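Chemist: I have a structure I would like to understand better, so I am pasting it below and will then ask my questions one at a time.
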Amino acid sequence: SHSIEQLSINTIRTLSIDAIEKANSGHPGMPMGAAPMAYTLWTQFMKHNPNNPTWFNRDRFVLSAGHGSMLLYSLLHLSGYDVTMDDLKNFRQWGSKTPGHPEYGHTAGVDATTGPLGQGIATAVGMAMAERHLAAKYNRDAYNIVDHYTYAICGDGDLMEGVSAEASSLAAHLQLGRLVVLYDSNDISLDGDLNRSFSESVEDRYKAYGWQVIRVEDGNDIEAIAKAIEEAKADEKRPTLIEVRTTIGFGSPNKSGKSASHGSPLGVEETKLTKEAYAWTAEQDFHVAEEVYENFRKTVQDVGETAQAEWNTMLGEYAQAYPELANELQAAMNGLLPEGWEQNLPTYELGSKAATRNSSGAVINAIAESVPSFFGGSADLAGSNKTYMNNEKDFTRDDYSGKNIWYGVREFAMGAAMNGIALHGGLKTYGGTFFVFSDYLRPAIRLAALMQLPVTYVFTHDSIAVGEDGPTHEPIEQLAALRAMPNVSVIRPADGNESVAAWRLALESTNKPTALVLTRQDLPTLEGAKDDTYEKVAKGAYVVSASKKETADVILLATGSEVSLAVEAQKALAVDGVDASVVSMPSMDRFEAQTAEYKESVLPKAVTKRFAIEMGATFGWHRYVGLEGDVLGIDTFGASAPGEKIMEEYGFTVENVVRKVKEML
Amino acid sequence: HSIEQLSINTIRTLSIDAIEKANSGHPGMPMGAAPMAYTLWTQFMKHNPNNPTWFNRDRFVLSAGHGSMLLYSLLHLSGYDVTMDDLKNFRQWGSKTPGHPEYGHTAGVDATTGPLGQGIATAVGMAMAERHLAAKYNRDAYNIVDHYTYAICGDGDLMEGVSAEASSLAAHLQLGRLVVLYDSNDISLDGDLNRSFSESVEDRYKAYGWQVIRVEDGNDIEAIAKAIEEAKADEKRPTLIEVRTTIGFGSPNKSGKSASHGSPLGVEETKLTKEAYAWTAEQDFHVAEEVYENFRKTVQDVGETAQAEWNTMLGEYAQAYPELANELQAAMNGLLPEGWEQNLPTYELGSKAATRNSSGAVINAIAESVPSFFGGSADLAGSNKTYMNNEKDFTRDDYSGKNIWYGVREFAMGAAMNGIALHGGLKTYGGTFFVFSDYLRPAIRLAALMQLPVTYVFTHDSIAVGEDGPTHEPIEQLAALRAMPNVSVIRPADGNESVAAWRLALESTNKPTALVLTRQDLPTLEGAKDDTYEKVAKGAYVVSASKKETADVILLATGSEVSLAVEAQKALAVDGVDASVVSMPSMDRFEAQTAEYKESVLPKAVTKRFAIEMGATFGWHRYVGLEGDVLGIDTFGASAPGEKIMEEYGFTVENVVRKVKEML
Ligand SMILES: Cc1ncc(C[n+]2csc(CCOP(=O)(O)OP(=O)(O)O)c2C)c(N)n1
Ligand SMILES: Cc1ncc(C[n+]2csc(CCOP(=O)(O)OP(=O)(O)O)c2C)c(N)n1
Ligand SMILES: [Mg+2]
């Protein structure tokens, strides 16, 4: 065809190919197969403004098949987003705006970081949830202030991953009809023909969840794809999967339809044969005709600027009609917590006892009253995790204004949805499960950390104290596994007051996820934690119980439920003439950020007798106790028995702490 | 009423009484599932309570692990080594009846469960092993390996992504000997299933390619028996039998409510329930002799007979195929063939190899010399170098193939590997990029807990991966596994270390081994060349000695950073600093050595210690102490040629030297 549409589509293909050739690295097959569908979505259906890529009401887009990144970068560049030709010529290079997989925060117009398969779809589900929640909270009368779609492109690999199955079940249950996923269905995986590992009916599975499924038989037919997208948008009650049958590496005589086109450059000669197949006559690489830029200018820039202008005008009128509502929305879009929200938070008195899951619950209910942007839930453990907002309604297909989310037994989808909710903007979000099952959502926590998303995890039942449910349900290594990960704050509060401070720090976060590690069992309120708690916990470690002498005989370090044990041990040590300091370390990461002077004041370099106590793996503790110190931890799995019995047998008693401290002196 | 109904109500009352006594546990599912489970156990399953490890028994996985009293009741009543006193010690310290089923702890328990989703996926792995072994060993009418794999699961299992992955895989492989009974009761832990779950499970399973059979009344054992018969008759598709039950059936006030899921019924409710069953036994934990006799006839005698017939056939088979039979006997016992290691490669000085490639060379050497080897990759065979080039693919058309194509299903691969190892007869491995070890982490955890000697081939271990960028570059993955109890983590420094590491992985009997391997070529190290197996077996060793008996500094490194450390040693010597270099391929193996050995490697008198590893610094202070330092990476990576990232992140001789001098 000689149409401008076909030329634009082939420009996307050749730009992707040429950038991959020049990098000598990347994935050309999918941009070649998927260019027509993506072009159709991008220029004929999506509402977006290249000049304002963070427009709050733009249609969102997730490239779940992140390896196809050049498809996205081509579209951004061609459309007038701030991705330049020189940027494309630096694909996969040090410090470029065009990294091998899409990275939120590094490239204008990229809505989510993808690459790990499956998560893109689950993240988009979260964005769609956020859109409906915000629309229900803020829209009034004729002011459809929040009103947009959520689009994704995925491939076969995405649909094999369990996290996409979870997310797709959840999305159908919530009737998220503004979620539309285009599935690049090309019968090919990295290792070879898809039929060597996969033969299910994706269409029937999705209908079984409750999705609308539309098939496009010829992926090069943009009229068919446009009809499908129009059909998807007219269905209001079901999320839609459009299965678009394409040829991977379309155009390549020798690589099309083969896994060879998936994951490395076509090569010099194959590239020429491919351009020949496209009737692409340009002799120079990275060629774009001005009329292609003009095509995108009319269909994307002009349309998106008009849409944004009309939205801005409406927002002005909305703000006149509903000043307080509009003001709350502006604050939420900007991630601002209401002045004084924290004055609402609880305080635990001396001589009181409370599990930190319960103080966490009390805090969640205090936040729900004072922070209108709060939105979250649990993976089918609301009662156990204590995450429920008792004065709020449930988020359901029938009431999107409800704040309580029922994720079901879907930890990984929850973790990814939370990222989508945070990416959308407007909401402060959290999700709960047992700490032991944090492992189920680990890859999504890793994406939150990389994307710098201030989500909050409520991880309860943090130790062998869990008791009867046994070793499959008792965390051991989970703390270390999170503490080692870049850009994740891990806070394990020692009592009710430390937990209030920990939640405060989680809610105030702007650039990193925060994992709150909480007990099933009641903890006593600590005298040393009671005053100035927020400032103490903010330091990460502090002296919870001072020694009598300026220079201690020994320093006891402990976290969470072990701080009370360490304090009891300090008392018993003092009877025997050993003068111990006790340090509560609710957060190693926050402590490490403190000044050398502060750290020296808590852990003086002159005191080398140091004993750490924590019901979790010993891994990582020698950073603080050193070669001459010691650690009472747990480096085996747990047991099935009443929790107090296990704790006793595993050595978490005053008598045992005292003995081990003396052996070390 | 019938002896069947009596036996069933006995299962129900024993479960309730044991949970009452423990004041802990989940009674609802035992109550609802007792009839279906009784039917399976006594009418279809072939098993010998007297010999619970019989190699050709039908395997059983209670995927809904919280219903554990259901299993303990059946085991006890059937004559397995689970006593009445054991039942009376449900959930107590040291008992044989822990809150969730624990393989290796309790006679007759085939798999540890509790983490939802994984039971089903583990069962898929057991089914794969059964067909692979059948294809390899059966000849003519000697069906030596010929049994079923059954599981019971609930709604929670079927919401988890891992069960979805595993079911897609099981249908693709046409595992018709896998039969899953789905206790479908409309309730999850937090209340009505319809608060979070409304999909058609039956239609989803049909879409995968499973046979699906509905039983409308979970109390109708004749209908349940018909469904299982129909399941067994269908040889090409795995079967899901959706059994519609009432959770906590029999309880006037808790039946059909989440209230019966996870707490004891309570004293008063237990009476009302027992009244509902027309159960008139005045004493707790009561079993009529006629119930024991029912199980003796339908389970013990049947299973004894089946095992004896199997023994007879095995003997006859061995006369016709002595080599095969000897091989099977050794494999069932986890024995590796005498001299199998003579076959392994050796890397000469002056040669270069990526450790993924040396791993692939070893994989192909093992395939030749160890007949029990069986494994694959999660759609990364080409990149992980896991493929056995002289072997066929494991498919629906040829179960004898050794190369498994797991597809993009890391978690199900991990759980399937556990099932393969549980079955017995096979040494198994699975590969993916190390960065995606995170996707199968909960299955690694169950391998460690169950003590299964599976092997993970984790390639592309660091920022050296390069252009694919930070989502594909491991940072914290080493620490995250090193911290886990009972997991061996080995990061070989060159081709020879990798050969030794594979040998240690294959020889394992009681813990999983993670092999951490490079995309990029590494040089062969002089100090690793001789006695490599014994050196790597120690976990850490001096790869390049200092000149003096007491070094000025110790450089510690692992994997790809050992060559850098040796280079740095050379540079330091020129400036009058005498360094010792220690290669630490495995922290866990070093930790297991004597204090005497450790002192020989990291003498306490040398406190100037500097560790180098392209990963998180977390954990290194165990070795470098408060006075030492570490050059690691505590941020995410970047998209660029791998050598550029390595330079920018400070992994150069010049920077190592600079920093070492700084702490002197
Ligand atoms: C969780 C995860 N596992 C494995 C991979 C490696 N990987 C990237 S693409 C792919 C298979 C190709 O998927 P598909 O989208 O079907 O390929 P296409 O036809 O789109 O090129 C694999 C195994 C990954 N990126 N993420
Ligand atoms: C991975 C994981 N997440 C969460 C849990 C906690 N949990 C156990 S059962 C359950 C609800 C599942 O209900 P189902 O298995 O259908 O119970 P039934 O009605 O069969 O008793 C939850 C959230 C778990 N065991 N594993
Ligand atoms: Mg594909």
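If you read the protein sequences in the order shown, they are chains A and B. Sequential numbering from 1 applies to the first sequence in the working numbering. Sequential numbering from 666 applies to the second sequence in the working numbering. Just so you know, even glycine gets a beta-carbon here, dropped at the ideal spot from N, CA and C.
Would you please verify whether the beta carbon of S1245 (chain B) is less than 8 Å from any beta carbon of chain A?
Modeler: no
Chemist: Per DSSP, which residues does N1068 (chain B) bridge with? Please list them.
Modeler: B:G1040 and B:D1058
Chemist: Alpha carbon to alpha carbon, how far is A836 (chain B) from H106 (chain A)?
Modeler: Looking at the two C-alpha atoms, the distance is approximately 41 Å.
Chemist: Is it the case that the Cβ atoms of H1088 (chain B) and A794 (chain B) are separated by a distance below 8 Å?
Modeler: yes
Chemist: Could you give the C-beta distance for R492 (chain A) and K539 (chain A), rounded to a whole number, given that I count them as a contact under 8 Å?
Modeler: That pair is no contact at about 15 Å.
Chemist: Quick one: using the 10 Å Cβ neighbour count with 16 as the cut-off for buried, is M749 (chain B) buried or exposed?
Modeler: It counts as exposed.
Chemist: Could you give the C-beta distance for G968 (chain B) and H712 (chain B), rounded to a whole number, given that I count them as a contact under 8 Å?
Modeler: That pair is a contact at about 5 Å.
Chemist: Which residues in chain B sit within 8 Å of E166 (chain A), going by Cβ to Cβ distance?
Modeler: Correct list: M824, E825, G826 and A829.
Chemist: CA-CA distance, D1196 (chain B) and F412 (chain A)?
Modeler: In this structure, the alpha-carbon of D1196 (chain B) lies about 45 Å from that of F412 (chain A).
Chemist: So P486 (chain A) is in the alpha helix (DSSP H); what residue range does that whole segment cover?
Modeler: From DSSP, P486 (chain A) is part of no alpha helix (DSSP H); its letter is neither H nor E.
Chemist: Can you pull the chain B neighbours of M485 (chain A), defined as C-beta to C-beta under 8 Å?
Modeler: Those are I1140, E1141, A1145 and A1281, listed as they occur along chain B.
Chemist: To the nearest whole angstrom, what separates the beta carbons of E562 (chain A) and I613 (chain A), a pair I think is in contact under 8 Å?
Modeler: 5 Å
Chemist: Spell out the partners DSSP gives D18 (chain A) in its beta bridges.
Modeler: Paired residues: none, contrary to the question.
Chemist: Would the C-beta of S1048 (chain B) count as close to ligand 3, meaning under 7 Å from any of its heavy atoms?
Modeler: no
Chemist: Give a yes or no on whether the minimum CB-CB distance between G157 (chain A) and chain B is below 8 Å.
Modeler: yes
Chemist: Between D1133 (chain B) and chain A, is any beta-carbon pair separated by less than 8 Å?
Modeler: So yes, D1133 (chain B) belongs to the interface.
Chemist: Using the beta-carbon of each residue, which ones in chain A are nearer than 8 Å to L1114 (chain B)?
Modeler: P471, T472 and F637
Chemist: Check each candidate in A:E498, A:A165 and A:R13 and name the one with the smallest Cα separation from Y348 (chain A).
Modeler: A:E498
Chemist: Leaving out five residues on either side along the sequence, give the residues of the same chain with a beta carbon under 6 Å from the beta carbon of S378 (chain A).
Modeler: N385, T387 and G432
Chemist: Do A1043 (chain B) and ligand 1 come close, with the Cβ less than 7 Å from some heavy atom?
Modeler: yes
Chemist: Whole angstroms is fine: what's the gap from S667 (chain B)'s alpha carbon to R909 (chain B)'s?
Modeler: 22 Å
Chemist: What separation, rounded to the nearest whole angstrom, lies between the Cα atoms of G33 (chain A) and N24 (chain A)?
Modeler: 20 Å
Chemist: Quick check: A416 (chain A) and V163 (chain A), are their CB atoms within less than 8 Å of each other?
Modeler: yes
Chemist: Consult DSSP for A1205 (chain B) and reduce its assignment to one of helix, strand or coil.
Modeler: coil
Chemist: Under a criterion of Cβ closer than 5 Å to any non-hydrogen atom of ligand 3, which residues qualify, in chain order?
Modeler: Working through the chain, the matches are A:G155, A:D156, A:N186 and A:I188.
Chemist: Is it buried or exposed for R902 (chain B), if we count other Cβ within 10 angstroms and need 16 for buried?
Modeler: buried
Chemist: Using a Cβ cut-off of 8 Å (strictly closer), state whether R1074 (chain B) contacts chain A.
Modeler: Yes, because at least one Cβ of chain A sits closer than 8 Å to the Cβ of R1074 (chain B).
Chemist: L117 (chain A) touches chain B at which residues, Cβ-Cβ below 7 Å?
Modeler: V1073
Chemist: Short of 7 Å in beta carbon distance, which residues of its chain neighbour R520 (chain A), apart from the five on each side in sequence? Order them along the chain.
Modeler: Contacts found: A355, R357, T460, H461, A465 and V466.
Chemist: For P475 (chain A), which residues of its own chain have a beta-carbon under 7 Å away from its beta-carbon, when the five flanking residues on both sides are left out?
Modeler: Correct list, in chain order: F435, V436, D462, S463 and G616.
Chemist: Do the region 1240 to 1251 of chain B and the region 1198 to 1217 of chain B meet, that is, are 3 or more Cβ pairs less than 8 Å apart?
Modeler: yes
Chemist: Let me check you understand the geometry: is the CB of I912 (chain B) closer than 7 Å to at least one non-hydrogen atom of ligand 2?
Modeler: yes
Chemist: Could you spell out where the beta strand (DSSP E) holding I906 (chain B) opens and where it closes?
Modeler: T904 to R909
Chemist: Below 7 Å, is the gap between the Cβ of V517 (chain A) and the nearest heavy atom of ligand 2?
Modeler: no
Chemist: Near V956 (chain B), which residues of its chain fall below 7 Å by C-beta distance, leaving aside the five closest residues on each side in sequence?
Modeler: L671, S672, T675 and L742
Chemist: Buried or exposed: which applies to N721 (chain B), given that a residue is buried once 16 or more other Cβ atoms fall within 10 Å of its Cβ?
Modeler: Label assigned to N721 (chain B): buried.
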